Colleague: 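Next up is a structure, given as structure tokens.
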Amino acid sequence: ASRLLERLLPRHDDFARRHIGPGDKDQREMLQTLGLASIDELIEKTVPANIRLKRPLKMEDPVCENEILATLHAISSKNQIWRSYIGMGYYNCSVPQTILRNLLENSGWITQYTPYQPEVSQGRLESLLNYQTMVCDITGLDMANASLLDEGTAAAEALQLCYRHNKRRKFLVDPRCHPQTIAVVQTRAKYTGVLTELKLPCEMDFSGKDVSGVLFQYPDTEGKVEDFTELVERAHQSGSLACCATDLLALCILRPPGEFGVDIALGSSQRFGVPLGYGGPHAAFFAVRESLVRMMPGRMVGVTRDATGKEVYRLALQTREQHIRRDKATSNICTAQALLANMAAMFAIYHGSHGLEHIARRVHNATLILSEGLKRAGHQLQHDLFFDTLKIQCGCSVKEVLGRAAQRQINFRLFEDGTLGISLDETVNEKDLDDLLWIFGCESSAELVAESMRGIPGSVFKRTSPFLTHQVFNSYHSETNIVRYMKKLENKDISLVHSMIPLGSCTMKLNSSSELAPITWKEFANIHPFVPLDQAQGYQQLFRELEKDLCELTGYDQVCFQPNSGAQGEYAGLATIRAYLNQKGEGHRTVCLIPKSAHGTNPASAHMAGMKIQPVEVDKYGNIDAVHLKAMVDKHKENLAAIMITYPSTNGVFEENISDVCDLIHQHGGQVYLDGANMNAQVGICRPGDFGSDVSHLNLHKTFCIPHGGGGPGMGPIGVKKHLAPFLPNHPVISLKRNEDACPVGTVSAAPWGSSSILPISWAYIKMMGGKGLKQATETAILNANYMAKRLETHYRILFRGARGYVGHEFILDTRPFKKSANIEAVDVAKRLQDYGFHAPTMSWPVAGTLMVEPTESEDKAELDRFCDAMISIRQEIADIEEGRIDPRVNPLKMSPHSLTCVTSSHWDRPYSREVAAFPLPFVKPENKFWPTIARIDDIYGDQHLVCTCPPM
Amino acid sequence: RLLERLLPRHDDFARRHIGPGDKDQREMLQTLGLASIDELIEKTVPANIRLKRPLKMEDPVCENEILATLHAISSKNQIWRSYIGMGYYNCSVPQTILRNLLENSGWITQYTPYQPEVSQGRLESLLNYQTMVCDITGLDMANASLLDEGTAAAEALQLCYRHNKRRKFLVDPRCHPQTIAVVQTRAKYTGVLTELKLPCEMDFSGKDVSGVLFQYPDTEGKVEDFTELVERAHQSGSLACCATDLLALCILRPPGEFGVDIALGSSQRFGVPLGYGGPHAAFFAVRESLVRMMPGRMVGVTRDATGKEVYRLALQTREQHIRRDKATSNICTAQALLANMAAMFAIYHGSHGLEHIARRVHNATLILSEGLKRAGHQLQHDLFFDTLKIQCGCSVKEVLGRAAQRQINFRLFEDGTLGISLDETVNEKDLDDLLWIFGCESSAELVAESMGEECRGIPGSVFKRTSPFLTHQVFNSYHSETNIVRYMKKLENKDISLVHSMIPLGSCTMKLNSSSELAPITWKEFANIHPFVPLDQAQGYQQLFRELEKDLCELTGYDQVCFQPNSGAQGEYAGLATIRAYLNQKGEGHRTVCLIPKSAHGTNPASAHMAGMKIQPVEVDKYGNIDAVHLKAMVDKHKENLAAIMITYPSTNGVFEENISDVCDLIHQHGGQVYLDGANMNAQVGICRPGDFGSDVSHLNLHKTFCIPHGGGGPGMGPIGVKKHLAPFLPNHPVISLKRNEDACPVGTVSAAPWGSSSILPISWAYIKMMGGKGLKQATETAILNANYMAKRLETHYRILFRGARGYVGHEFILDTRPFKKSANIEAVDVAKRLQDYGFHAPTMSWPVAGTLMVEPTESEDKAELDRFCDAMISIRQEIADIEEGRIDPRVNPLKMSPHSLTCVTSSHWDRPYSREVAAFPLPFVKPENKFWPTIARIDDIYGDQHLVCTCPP
Ligand SMILES: Cc1ncc(COP(=O)(O)O)c(CNCC(=O)O)c1O
Ligand SMILES: Cc1ncc(COP(=O)(O)O)c(CNCC(=O)O)c1O
């Protein structure tokens with residue numbers, strides 16, 4: 001039926017053929033291994049017939065890769081790049097081009113995920129330790145984590161930490177915090193049942209000994225630098241904690257929160273060399289007094305020792321986190337902002353304390369200069385002491401000032417009260433100051449104003465304490481040196497530039513160059529999140545197009561982009577459910593059913609959304625236990641708010657009767673939350689919204705190619721049925737309401753569409769793949785997983801399978817029996833894989849002592865076979881131990897991983913060869929050998945001796 | 001100003017570019033026993049040549065503003081759809097190759113693969129390039145690139161002369177005009193006559209024709225059978241040379257199949273941007289019988305010390321650095337990085353993907369042709385690949401008016417006809433615009449329906465390609481984006497580069513290639529402009545040229561700069577040719593003698609030979625300086641016939657000559673011109689200027705002194721600055737005029753594009769604009785400090801071979817390793833390979849003095865890095881002392897066994913009388929977590945040349 005032109009002149013390229021690893025020959029061969037005639041037969045045997053799409057996805061014709069950037073350009077060029085001096089927690093900066101090119105645009109940095117396998121991850125672990133050290137030095141607090149999502153969520157994590165600490169149900173918020181910070185804090189509080197009160201310090205009453213904590217900002221949203229010593233002391237005297245939202249650049253010249261008693265310091269690291277990104281991504285910072293560390297949210301790098309006593313790095317105190325403690329975790333956060341934390345660390349390293357002081361002094365002096373010019377022109381400054389931010393009462397019409405501002409394409413903050421906020425930044429030069437003085441009708445140039453001329457250096461607030469005294473911040477100031485340091489860390493880390501990283505529950509698929517290109521385009525990267533919307537019409541088109549596509553892939557009616565991780569999506573989803581229930585008079589329903597199979601974020605998110613969790617058991621086949629489910633529905637039917645189902649579940653299987661589960665919950669007055677993170681098994685085949693789900697978040701960083709970034713960034717947009725739409729998150733600065741019916745749950749992220757600048761990645765993937773491609777991707781994800789399962793099934797037990805014996809896109813290998821037979825544990829297999837040139841699969845989750853394997857469609861048959869051959873070779877190593885052919889204490893498995901130092905040493909007293917140690921199979925060649933950089937990590941020692949900043953060189 | 005007090009400059013790029021800060025410099029000065037930088041300079045650079053007043057430059061631009069500054073220029077360019085053709089064709093550069101290779105410092109910072117054991121990645125990739133060229137052209141061996149199409153065609157002409165010494169060369173007038181101009185220029189000054197003849201006009205009967213050059217498809221688009229022409233050539237003892245197109249040859253029977261001896265062209269449309277002329281790797285392939293006369297580098301397969309199959313540069317005695325004026329060419333820096341881009345293109349697509357692209361382009365061209373015919377236009381040629389020649393049925397003006405409205409360029413032929421060359425980028429929408437331009441009142445859809453699926457054009461012709469290509473596994477394995485990224489990273493990681501450690505190559509200036517400098521070269525406003533557009537579409541480039549010229553004139557003391565020469569050697573060639581044209585014009589054409597000190601770089605004599613000059617070597621005195629007695633004697637001898645001298649200053653011996661003005665005066669007084677090789681300007685910039693002390697003309701190496709990346713052996717740019725008396729004779733170009741006055745008397749054309757590789761000039765512009773006058777001076781000062789610091793630290797362990805008047809070197813120096821041959825049976829190569837174990841690429845090995853090392857750190861490396869290198873050399877000296885004093889076996893020791901591969905050091909078998917730790921981690925800074933492994937044992941240089949294999953082995 002094709003036009004003749006299409007026969008003579010076919011498509012230039014099909015991106016699916018670049019994205020999807022196995023071609024026709026690979027797929028036939030894998031199907032032959034499975035004893036199947038076709039892909040359709042596989043799908044038919046895997047995905048329940050009754051949930052499958054009736055018609056193919058309705059998508060636009062696929063866009064050739066050689067046109068995708070021009071296509072996207074026609075959108076991005078509709079944005080306008082003004083000079084934004086809005087402030088409000090986002091400040092333009094001069095992103096060092098060397099960090100941008102050698103880290104952000106380097107696949108050796110961005111394709112790896114969370115550093116669960118430390119011995120092949122020491123580079124990003126070191127960098128994240130650098131980040132923590134930097135945060136602790138500058139804030140003056142004892143320990144910092146390895147990033148939070150944004151400023152607002154960090155402030156909410158502070159509120160919740162206070163609750164966890166002293167269990168008081170009142171939290172005081174200074175109204176001079178940024179508005180979006182207040183909104184996110186108020187939302188978190190609302191659904192956790194804590195009362196917030198907006199009170200100036202002088203209005204705050206702690207005497208009731210009923211205040212969990214207080215949040216204030218320094219400098220505050222108006223720009224003012226204030227002494228909070230007395231406030232903090234009053235808080236402490238009544239058993240309350242003190243939380244300070246702050247600014248790393250300001251703290252380069254301001255005495256920090258640590259020196260005035262603050263228990264928690266937090267903010268955004270964005271202006272340390274990361275783009276505005278029209279809201280993100282940015283790594284937020286969070287630091288606390290050592291006595292609070294046990295309650296820390298998120299990841300934290302710690303120093304430990306390896307097997308030989310060498311000083312090395314690992315994620316510390318991991319039992320705090322969602323994947324261990326589930327609803328009892330310190331937070332729901334999983335994916336964070338690792339890559340951007342590392343960008344900010346490299347910024348601090350490149351500049352040192354001396355360079356950062358120089359930048360900060362310059363910004364402050366530019367602000368002082370403008371300040372004097374405006375006063376001479378008859379305008380009033382509301383605050384005399386400030387860092388980079390003025391609050392101005394215009395001596396003339398505000399309209400006339402903004403008219404001139406518009407003429408020079410400059411944005412200010414417009415306060416409610418008719419005054420203007422101006423926040424200067426690293427990028428502000430003489431020319432900009434002259435424009436600004438002209439805007440305010442100051443006849444005097446910047447040069448002239450400077451002539452007649454204090455601030456922070458002349459004040460009691462002058463910083464007198466050192467920071468970044470560690471060698472790491474004093475060694476890499478030449479561009480040659482920073483490039484070498486970045487490369488050194490990169491080369492310590494196994495990533496998708498080396499080999500398949502088959503992490504179950506992570507979807508480590510291709511992050512394509514064409515998808516990634518636009519995220520550093522200025523029209524995406526260099527827009528302030530809070531500009532007037534007529535400057536971001538390109539973004540608006542992007543959002544509409546991606547929304548429409550995601551709606552079609554999922555069967556939902558509306559998408560909300562605000563949630564900036566999967567866990568945030570779950571939290572937003574549940575909150576929307578509760579707002580829906582409240583609105584319709586059913587607010588008493590707070591019970592959330594959660595299968596024990598569901599991802600750990602699910603119960604943590606339900607706890608964060610103030611729900612009562614009822615676990616639901618899973619049966620022996622790996623499915624939701626139908627008997628228990630029916631019993632828990634019956635038990636809770638009066639109070640039932642929701643179920644959270646992961647589908648297919650974390651056990652790797654499709655439940656045969658998921659519609660029936662959805663019907664049962666609906667019949668008893670509850671809503672269905674479906675965790676969409678496993679949509680890599682669904683896209684183009686079935687849709688959660690078709691089979692009875694009400695709301696689902698998606699992991700754009702899993703299914704839709706946003707890079708794993710060493711542990712972030714992510715995006716967790718939620719798709720909802722239209723009955724939930726009126727209750728979707730909005731934002732106090734930029735309005736997200738679609739209807740007059742709107743009844744927003746609140747605000748879950750600091751920026752209205754979260755990390756907007758990385759959405760182009762998923763838009764590009766979707767537009768290049770089209771309907772046919774996206775389907776093929778899912779088909780091949782399922783094929784690849786089942787092929788691997790088939791190859792391995794006689795060597796390892798496949799723990800769970802679907803009703804006809806097939807898995808989804810991932811499966812579990814039950815390594816548990818080897819404990820009794822050979823004293824071999826999952827960890828031994830995981831470390832030994834490193835010697836075979838592979839990052840382990842997901843280790844000891846969701847079932848202790850097992851491995852969860854997810855190849856993705858992006859890896860080809862040869863690569864799958866290398867991995868299966870490694871596992872089969874390892875099985876034979878286990879059999880050697882089982883059958884007494886090798887020492888059961890000293891063997892490759894127990895001694896893994898084998899470092900370069902180990903294998904090149906003059907001393908060799910192992911009962912196996914150096915070749916068995918390091919080159920166990922012929923595909924592991926000296927010319928492609930990736931070395932674990934350290935011997936086996938000591939997990940216990942690190943937690944018993946907690947060191948979470950850079951140790952002396 | 002007080003503003004600068006309150007509001008200092010945001011940043012100073014010099015502090016990022018220059019490795020040593022204040023503490024490092026003071027400490028190095030203390031080591032030298034000197035009080036200040038000025039004292040060092042005063043003691044080093046002769047007072048009489050130094051600047052009178054400081055450089056007059058613009059205020060330095062902060063790094064955080066350089067890209068906005070450059071954007072104000074680049075945005076003045078206009079990006080049309082250019083269907084001009086003429087050897088440049090838009091293509092779809094795979095973004096993955098662009099990001100993971102062109103924008104990857106692990107690919108682009110290294111230079112020529114002189115140290116094979118730490119260079120197997122780019123050597124493999126260049127072997128891929130060669131294999132690709134040989135497969136597609138059907139010839140036996142190909143090089144690892146040339147500069148451009150036109151120079152490749154000229155190399156072919158010269159190869160023919162070298163082969164049979166006949167002094168007549170026949171050129172088909174249907175070659176591209178720029179190809180013809182470069183070929184005619186080469187011929188003019190080599191004393192070969194060229195005759196422009198159609199094949200039927202070509203007379204070989206005299207048996208006086210060296211060779212013939214024709215093109216397939218030709219510049220008008222025609223596909224022609226040249227079998228008979230080639231046979232006639234061969235019958236009379238002549239060679240046949242064919243300029244061609246790698247994409248066309250995906251579906252056309254290739255020149256190899258119709259007897260051609262040499263096939264050449266541009267690899268540009270295999271995944272490289274237009275670049276407003278470059279850079280692009282030219283290809284050049286020959287019959288096996290001609291390989292000995294091959295120009296440029298060529299990768300060969302050999303074995304390592306263990307018998308493993310590995311890669312090295314082969315038959316190196318052909319090249320300038322060995323044979324000087326007797327080399328097969330002057331070429332040094334080529335287009336390595338861009339050859340590797342084109343290889344990765346072919347690998348990513350395979351023969352099947354390339355066939356797909358080629359068939360699509362051809363079918364688009366067939367569609368367009370059928371539409372134009374139906375609209376009443378005449379096609380001049382029925383059989384073509386991608387290029388039509390159209391006699392408009394209506395007014396050309398009316399057509400071009402519509403073309404302008406859709407921002408589409410055609411080629412405008414002299415005879416009033418239009419050339420249209422379609423390319424990979426052409427889609428339905430473009431075809432529809434083109435049909436509308438020609439007033440067809442059809443659509444591409446409609447035209448397709450009228451055509452049917454009758455196979456027409458090349459598939460339906462006797463020219464259909466039937467022979468396979470790219471059958472090697474390398475072209476059939478890496479078609480997923482995941483796989484190509486992994487392959488590119490695998491090769492990258494085999495190669496030591498500036499992302500690892502200092503690469504102190506004498507005569508290379510391995511300085512910082514900064515991210516900010518590099519960013520713009522892949523901006524579309526620089527990368528995606530056809531070199532031959534109307535100039536009103538390239539006004540940003542015009543401002544770039546003006547600004548860079550003005551800066552270069554100020555740095556050099558010259559009056560005008562010409563950007564056409566696309567390597568240092570090409571600059572030398574252009575410079576000498578200009579000198580000869582100047583001499584010709586004033587009636588002094590008899591003067592052809594060029595004096596060349598033996599210290600001068602090997603390119604100098606090769607270039608003089610290429611420019612038809614008689615070379616008189618001049619000796620060097622025991623101190624390393626031009627021998628005064630011999631110089632005066634050679635001047636006296638050649639007085640009547642003296643055309644030029646070529647001086648490297650400071651010379652390749654690493655030293656400033658005390659009386660260079662006197663040398664210049666002597667040559668001038670005897671009627672000659674002074675060519676000064678500016679490649680060593682990193683010891684001069686901001687301190688002295690060649691033009692201020694008697695130089696008439698210099699080339700610069702922008703890829704040494706001015707930060708263009710070394711690219712694994714290219715690209716470079718070799719612009720020449722001249723005094724105004726030489727300016728009228730500067731190169732022009734037949735397509736885009738470079739004449740300033742009616743006074744112009746151009747030497748000819750030396751490069752295929754008027755400003756050569758335009759798209760990489762922004763790098764040097766950016767360096768200069770960020771550094772300013774003060775920064776550039778500091779760079780030079782610190783280059784000199786760093787070299788002298790190293791020399792001082794090493795001088796009690798190694799002999800420093802040459803020093804200046806007061807004992808100081810310039811930016812580089814020579815370590816005399818020769819005595820260790822007698823004392824320890826240790827050779828320069830042993831020291832070079834042993835450095836690999838210490839984590840360093842060797843310095844320049846056995847040049848310019850056999851058995852020595854030449855060391856150049858540059859200003860970009862800091863004291864800690866210099867100290868690591870000196871400590872390695874001191875440790876190695878002690879290893880030599882252990883051999884000298886019989887403390888270790890003289891045959892089996894780390895030095896003789898170097899380099900130590902991963903396989904070697906991890907083997908179960910170890911029977912060396914030294915430890916694995918001494919082998920691989922000889923000093924504490926060489927740590928397991930930073931260890932760079934030589935991927936192979938020591939290369940066997942003899943074996944490779946005795947078993948010549950120059951394509952991928954099975
Ligand atoms: C099934 C599932 N659900 C929820 C999440 C939460 O997404 P965030 O990571 O964006 O908050 C993940 C993340 N998968 C990554 C991992 O488990 O390590 C997941 O696999
Ligand atoms: C002093 C000198 N002169 C001329 C050239 C020739 O420049 P091209 O390579 O651009 O042709 C070089 C190249 N230096 C590199 C080397 O010696 O191998 C050089 O060092």
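In what follows, chains carry the letters A, B, and so on, assigned in the order in which the sequence lines appear, proteins first and then strands, with residues in each chain numbered from 1. Counting starts at 1 for both ligands and their atoms, in listed order.
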Colleague: Please tabulate protein-ligand N/O pairs under 3.5 Å for ligand 2, atom names and distances to 0.1 Å.
Modeller:
from, atom 1, to, atom 2, distance (Å)
ligand 2, 3 (N), B:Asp677, OD1, 3.1
ligand 2, 3 (N), B:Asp677, OD2, 2.8
ligand 2, 7 (O), B:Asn701, ND2, 2.8
ligand 2, 9 (O), B:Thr333, N, 2.9
ligand 2, 9 (O), B:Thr333, OG1, 2.6
ligand 2, 10 (O), B:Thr333, OG1, 3.4
ligand 2, 10 (O), B:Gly568, N, 2.6
ligand 2, 10 (O), B:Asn701, ND2, 3.4
ligand 2, 10 (O), B:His703, NE2, 2.6
ligand 2, 11 (O), B:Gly568, N, 3.4
ligand 2, 11 (O), B:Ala569, N, 2.8
ligand 2, 14 (N), B:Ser507, O, 2.8
ligand 2, 17 (O), B:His601, NE2, 2.8
ligand 2, 18 (O), B:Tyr114, OH, 3.3
ligand 2, 20 (O), B:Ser507, O, 2.7
ligand 2, 20 (O), B:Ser507, OG, 2.6
ligand 2, 20 (O), B:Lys704, NZ, 2.8

Colleague: Starting from the C-alpha separation in whole Å, work towards a yes-or-no answer on side-chain hydrogen bond (donor to acceptor under 3.5 Å, both in side chains) for B:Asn682 and B:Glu812.
Modeller: CA-CA 10 Å; B:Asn682 208 41; B:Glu812 62 190 0; over 6 Å; no
Colleague: Are B:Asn604 and B:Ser607 close enough that a side-chain donor and a side-chain acceptor fall under 3.5 Å?
Modeller: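 There is no such pair (donor and acceptor under 3.5 Å, judged by atom type) between the side chains of B:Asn604 and B:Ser607.
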Colleague: Classify the ring geometry between B:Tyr649 and B:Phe656 as parallel (under 30°), tilted (30 to 60°) or perpendicular (over 60°).
Modeller: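 Geometry flag for B:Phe656 against B:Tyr649: perpendicular rings.
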Colleague: If only side-chain N and O atoms count, and only distance matters, is there a donor-acceptor pair under 3.5 Å linking A:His701 with A:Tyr113?
Modeller: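 No - no donor-acceptor pair under 3.5 Å links their side chains.
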Colleague: For the residue pair A:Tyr116 / A:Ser121, report whether a side-chain donor-acceptor contact shorter than 3.5 Å exists.
Modeller: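 No.
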Colleague: Is B:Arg186 close enough and on-axis enough to B:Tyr573, meaning under 6.0 Å and within 45°, for cation-pi?
Modeller: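 The answer is yes, since B:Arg186 meets both limits relative to B:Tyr573.
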